[PDB]
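Colleague: Pasting a structure here, questions to come.
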Amino acid sequence: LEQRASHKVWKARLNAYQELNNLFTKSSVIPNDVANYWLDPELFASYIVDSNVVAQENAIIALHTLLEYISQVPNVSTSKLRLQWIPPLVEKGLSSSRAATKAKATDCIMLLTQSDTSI
Amino acid sequence: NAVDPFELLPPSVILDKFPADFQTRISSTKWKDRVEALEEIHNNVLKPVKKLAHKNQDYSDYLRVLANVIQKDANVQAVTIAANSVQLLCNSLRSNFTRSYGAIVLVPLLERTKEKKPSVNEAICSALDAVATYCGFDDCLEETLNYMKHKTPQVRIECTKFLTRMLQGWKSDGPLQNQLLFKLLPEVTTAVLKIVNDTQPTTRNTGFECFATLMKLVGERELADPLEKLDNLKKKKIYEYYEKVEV
Amino acid sequence: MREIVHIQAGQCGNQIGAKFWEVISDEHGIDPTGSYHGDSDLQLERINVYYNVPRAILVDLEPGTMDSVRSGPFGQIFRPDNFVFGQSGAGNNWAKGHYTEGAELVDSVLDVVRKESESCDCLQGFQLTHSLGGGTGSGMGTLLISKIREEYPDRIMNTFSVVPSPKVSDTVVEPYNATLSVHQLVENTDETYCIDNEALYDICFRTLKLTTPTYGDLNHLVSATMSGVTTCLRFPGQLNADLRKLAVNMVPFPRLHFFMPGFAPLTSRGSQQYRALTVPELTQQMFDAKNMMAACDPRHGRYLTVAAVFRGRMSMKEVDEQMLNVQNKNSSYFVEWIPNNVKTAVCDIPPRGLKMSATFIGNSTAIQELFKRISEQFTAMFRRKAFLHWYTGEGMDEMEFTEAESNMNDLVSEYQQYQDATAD
Amino acid sequence: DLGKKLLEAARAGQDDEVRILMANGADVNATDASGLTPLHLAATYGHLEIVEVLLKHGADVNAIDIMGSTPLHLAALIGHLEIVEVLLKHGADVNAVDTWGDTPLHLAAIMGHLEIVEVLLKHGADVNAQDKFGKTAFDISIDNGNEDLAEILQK
Ligand SMILES: Nc1nc2c(ncn2[C@@H]2O[C@H](COP(=O)(O)OP(=O)(O)O)[C@@H](O)[C@H]2O)c(=O)[nH]1
Ligand SMILES: [Mg+2]
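Residue numbers (our numbering), protein chains in the order written: chain A, 54 to 172; chain B, 6 to 252; chain C, -12 to 411; chain D, -16 to 138.
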């Protein structure tokens, strides 16, 4: 199930992040109530700090495609998101030594920056 | 810079024109009585005018006898000249057919798409286009679907072509919570697939446009779910129209 | 695929219709009271197809025809409810049968059609007999067909339509009526047997040596043809068993479904035929254009498909040989791009009074000759605009004539295309 | 217009009301929209007494319409043997041509009026006359499977 995104074993979390990344490509622009990674943004704030470098990077690219699937209406709730998300993104995504873990974290911040009215 | 409606022109009243020997002539057993009766008000009373009276004019006595013939009248000629009357009302009296008027003729018209005589299908469909362009999608969206599910092959292909006609001229902009989305997957798509999967090719081929005119409106990604369930062979026919179709 | 609903419309419709019921009632061993006095199981094996009492509906705007049927020999057997008749007649006006007077009555007919279909285990389709030069049989028949086509679209529509000829009625509006009716049949029926009065007269006059053929004389040839083509349908048999299978193996292109029927041997009204023909003789009444019920020369065109029905006790080995022979010894006359397009079937029960017989149903492109004749007469009439006020007065538009004219010519062109086609 | 009432009568076939309208000096050769005189219309619809009435009052026996149709054309088309011989006796054009190139012999042959074909022939009809497409009356019998007509055309 989806609740396996917080499962103990890493390779089962790694699935859920890929499963999610599909969801945000393949699900509805209008958006299923199953797309509730807005009104609890603590979820992905947790996922970005995964405690596994490979399953972390996969959570960030799921957050990334989520965070561009949200350029559809109405998502005025991007204020809450920047508060919850970019501190984890900066603290441990930009920080990362991993080439791709960093590159997608910056891209994520970009997408949160243009969610906002200004910088 | 805003534009004008040319409709500001003063209106004309036709109620006084009708003759005493009209109700009995339309309700007669002799076909030529009915035809002439209808044909007279069309060539003499409706065709001349260019704007009917919005204020305080009840046509829902006249319109319900146009329906009575369009549905049940055995004379295909009396149907043809009636649906052209219906169109004239809906055309010269825009913004009138809110419900009572539009709904009084809507389901009769959809029944009579069964007619295959080109001149008659011309007149019935063009009148359906009138009631739609001034009442879309009040009652038609629902009832148009109903008659896509109908047993006669002709009414299926014609009422589906109707949804196609309407969909090309479908209008914005509320939020994306218009009547089309409330019932999109639940009803519109489930019913358009019944056309797409019909036994006849000419029926199926109308569905293929009416699905590619649908994707154009509501995103080829949203409907990729029932696309997968469809044949790979039907898929490339649907896509064929998607590339040509405009809304 | 079991039951068939039968319809007869107009004067001709009920004439050749009743004659047909006379013929196959005897063949199945039914008396005019409606009781079995046969002596074979192959007679009641598929009696459920046409009977319940016939599954027959009788239609005419002309009320007189009612009595001409019931006062006939087997007139007592038809269900009284299944008679549906108008007050006045159409008077050779197709528009009156299709739009005005015939349309007012057509609902009453569909009510009976529904009734008879309602109590069918599994319907096959329908069977309409009618003339094309009339007003009722053509105008109301074609309107009935379309009205059934849309109420029963999962069923076969099979017509026995008889073509007008100056040799049988000098009425000049018949080309109009028949052209308008062909414009319907090409769009509305799965298969149509073209019975040509031109050819029925030419057979009664030249082959049977009757100086003045009556309707009864022409109707004898028709009723015998109908029992012949319906032999597969009415008795047990492997090939061309039901209406759909027949049409599947007979009609390669939907619009080109006009069969040129013909059968053998040609007998007179109750005359004696000493020495029953041999199998090779029967087989050699196929190309023999003097046996075609349509006035066309198979030599002048090509067969797309052919169905042969041999009736009587005879050598299945010899029939196969003779048919396999006549095909390849005339190989240029059968289309090459349809392999095994000729199909033969045998029924052991022969026709009435004859030891052997053979009916020859053929989709021959030569049939374009028939539609040529009708169109030239139509155009000659239409270019001078004669009698148009009849049709237009009944609500018809002058345009309709042009469309029917053009649509029949497209039908002629299509036949000409596939005639000149090559396999290479 | 009194010339238009005489067309209405001669067509629909009210023998008596022709005499009434003609006694009021109606135009015996009055043309309708397409150039059809009353003699055309009576000869189309088979009103023999109306034909003979108009002819003896000076009807143009060889009058054409907008399409070159003489009354003998229309009588031979519809098959009015009684009228054909009346027209011919009043000096009708046996080999008249119309806009489509047809003679009266073409029309009587197409419509299978064998009795009228023989009358026209004996009044010196052109058996070898051709139409627009290039077909004679004899070609029509060949094309239309009418061996009864082929024999009557070579008599
Ligand atoms: N073979 C045959 N042809 C007929 C018979 N009666 C009429 N016809 C033909 O049918 C045409 C006239 O149409 P008819 O059926 O009498 O008119 P309806 O009653 O309005 O359908 C003409 O071409 C006639 O030659 C008949 O008993 N047998
Ligand atoms: Mg009749």
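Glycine included, C-beta positions come from ideal geometry on N, C-alpha and C.
Heavy atom of ligand 1 less than 7 Å from the Cβ of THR166/C, yes or no?
Modeller: No; taking the cut-off as 7 Å, the Cβ of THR166/C has no heavy atom of ligand 1 nearer than that.
Colleague: Is the stretch -11 to -1 of chain C touching the stretch 102 to 117 of chain C in the sense that three or more CB pairs, one from each, lie closer than 8 Å?
Modeller: Judged by Cβ distances under 8 Å, the stretch 102 to 117 of chain C makes contact with the stretch -11 to -1 of chain C, as three or more pairs qualify.
Colleague: Check whether the Cβ of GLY76/C sits closer than 7 Å to any heavy atom of ligand 2, and report yes or no.
Modeller: Yes, ligand 2 has a heavy atom inside 7 Å of this Cβ.
Colleague: Using DSSP bridges, identify the partner residues of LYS330/C.
Modeller: Paired residue(s): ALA294/C.
Colleague: Does the beta carbon of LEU205/C fall short of 7 Å from some heavy atom of ligand 1?
Modeller: Within the cutoff, so yes.
Colleague: Measure from the alpha carbon of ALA408/C to the alpha carbon of each residue in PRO50/C, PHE65/C, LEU291/C, then state which is nearest.
Modeller: The shortest Cα separation from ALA408/C among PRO50/C, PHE65/C, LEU291/C belongs to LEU291/C.
Colleague: By the DSSP assignment, the alpha helix (DSSP H) with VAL71/C in it spans what residues?
Modeller: Note, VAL71/C: premise wrong, no alpha helix (DSSP H); beta strand (DSSP E) at 70 to 72.
Colleague: Per DSSP, which one or two residues make a beta bridge with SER148/C?
Modeller: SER148/C is bridged to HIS117/C, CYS181/C.
Colleague: Using 8 Å as the Cβ pair cut-off and three pairs as the minimum, do the stretch 112 to 121 of chain B and the stretch 156 to 173 of chain B touch?
Modeller: Result yes; three or more Cβ-Cβ pairs closer than 8 Å.
Colleague: Any idea if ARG371/C is buried or exposed, counting beta-carbon neighbours within 10 angstroms, 16 or more meaning buried?
Modeller: Counting Cβ neighbours within 10 Å, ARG371/C comes out buried, since at least 16 surround it.
Colleague: Which residues mark the beginning and the end of the alpha helix (DSSP H) in which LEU142/A is found?
Modeller: Counting along the chain, the alpha helix (DSSP H) containing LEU142/A begins and ends at 131 to 142.
Colleague: Nearest-angstrom Cα distance between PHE147/C and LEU(-10)/D?
Modeller: Cα to Cα, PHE147/C sits roughly 42 Å from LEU(-10)/D.
Colleague: Compare the beta carbon distance of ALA367/C and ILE93/D with 8 Å and say whether it is the shorter of the two.
Modeller: Contact flag set, yes.
Colleague: Three or more beta-carbon pairs under 8 Å between the stretch 75 to 85 of chain A and the stretch 103 to 114 of chain A, yes or no?
Modeller: As far as the Cβ criterion goes, the stretch 75 to 85 of chain A does not touch the stretch 103 to 114 of chain A, which means the pair count is below three.
Colleague: Could you tell me which residues DSSP pairs with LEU57/B in its beta bridges?
Modeller: Looking at the DSSP assignment, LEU57/B forms a beta bridge with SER17/B.
Colleague: Could you list the residues in the stretch 85 to 113 of chain B with a C-beta less than 8 Å from some C-beta on chain C, going in chain order?
Modeller: Of all residues in the stretch 85 to 113 of chain B, none has a Cβ within less than 8 Å of some Cβ in chain C.
Colleague: Okay, do the stretch 151 to 166 of chain A and the stretch 107 to 114 of chain A touch, 3+ Cβ pairs below 8 Å being the bar?
Modeller: Contact holds: three or more Cβ-Cβ distances are below 8 Å.
Colleague: Taking only three categories from DSSP, how would you classify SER214/C?
Modeller: DSSP places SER214/C in helix when its eight states are reduced to three.
Colleague: Tell me, please, whether the stretch 329 to 340 of chain C touches the stretch 129 to 149 of chain C by the rule of three or more beta-carbon pairs shorter than 8 Å.
Modeller: At 8 Å Cβ cutoff, the stretches do not touch.
Colleague: By DSSP, does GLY249/C sit in helix, in strand, or in coil?
Modeller: Residue state, collapsed to three classes: strand.
Colleague: Where do the N-terminal and C-terminal ends of the beta strand (DSSP E) with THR409/C fall, by residue?
Modeller: Here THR409/C belongs to no beta strand (DSSP E), and DSSP marks it neither H nor E.
Colleague: Classify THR346/C as helix, strand or coil using the three-state DSSP reduction.
Modeller: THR346/C falls in the strand class under three-state DSSP.
Colleague: Name the residues in the stretch 63 to 85 of chain A whose C-beta lies less than 7 Å from a C-beta of chain B; which are they?
Modeller: Against chain B - using a Cβ distance shorter than 7 Å - the residues of the stretch 63 to 85 of chain A are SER81, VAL82, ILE83.
Colleague: When you compare the CB positions of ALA58/D and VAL77/D, do they come within less than 8 Å of one another, or not?
Modeller: The answer is no: Cβ separation not under 8 Å.
Colleague: Which runs of the beta strand (DSSP E), 3 residues or longer, sit entirely within the stretch 198 to 244 of chain B?
Modeller: The stretch 198 to 244 of chain B contains no whole beta strand (DSSP E) run of 3 or more residues.
Colleague: Can you pull out the residues from the stretch 79 to 109 of chain D whose beta carbon lies closer than 9 Å to at least one beta carbon of chain C?
Modeller: So the list reads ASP81, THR82, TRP83, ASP85, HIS89, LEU90, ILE93, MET94, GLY95, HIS96, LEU97, given in the order they occur along the chain.
Colleague: Roughly how many angstroms lie between the CA atoms of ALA196/B and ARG226/B, to the nearest whole one?
Modeller: So the two alpha carbons sit approximately 19 Å from each other.
Colleague: Helix, strand or coil for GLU323/C? Go by DSSP, reduced to three states.
Modeller: If DSSP states are grouped into helix, strand and coil, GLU323/C belongs with coil.
Colleague: So, at 8 Å on beta carbons, what are the nonlocal neighbours of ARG30/B in its own chain, with the 5 sequence-adjacent residues on each side left out?
Modeller: Result list for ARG30/B: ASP38, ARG39, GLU41, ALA42, in chain order.
Colleague: Does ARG33/C come within less than 8 Å of chain D when only Cβ atoms are used?
Modeller: It does not; no Cβ of chain D falls within 8 Å.
Colleague: Using 7 Å as the cut-off, classify the Cβ of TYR202/C as near or not near the heavy atoms of ligand 1, replying yes or no.
Modeller: Yes; taking the cut-off as 7 Å, the Cβ of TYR202/C has a heavy atom of ligand 1 nearer than that.
Colleague: What number of angstroms, rounded off, separates the C-alpha of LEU136/A from the C-alpha of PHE187/B?
Modeller: Approximately 34 Å, taken between the alpha carbons.
Colleague: What's the gap between the Cα of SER319/C and the Cα of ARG339/C?
Modeller: Cα-Cα distance, rounded: 36 Å.
Colleague: Judging by CA-CA distance, which residue of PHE97/A, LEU165/A, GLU144/A is the nearest neighbour of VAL129/A?
Modeller: The shortest C-alpha separation from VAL129/A is found at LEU165/A.
Colleague: For the stretch 142 to 201 of chain B, which segments carrying the alpha helix (DSSP H) assignment without a break, of at least 4 residues, lie completely within its bounds, in sequence order?
Modeller: Those alpha helix (DSSP H) runs which fall completely within the stretch 142 to 201 of chain B and span 4+ residues are 145 to 153, 158 to 173, 184 to 187, 195 to 201.
Colleague: Beta-carbon of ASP157/C versus every beta-carbon of chain D: anything under 8 Å?
Modeller: For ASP157/C, the answer is yes, since a Cβ of chain D falls inside 8 Å of its Cβ.
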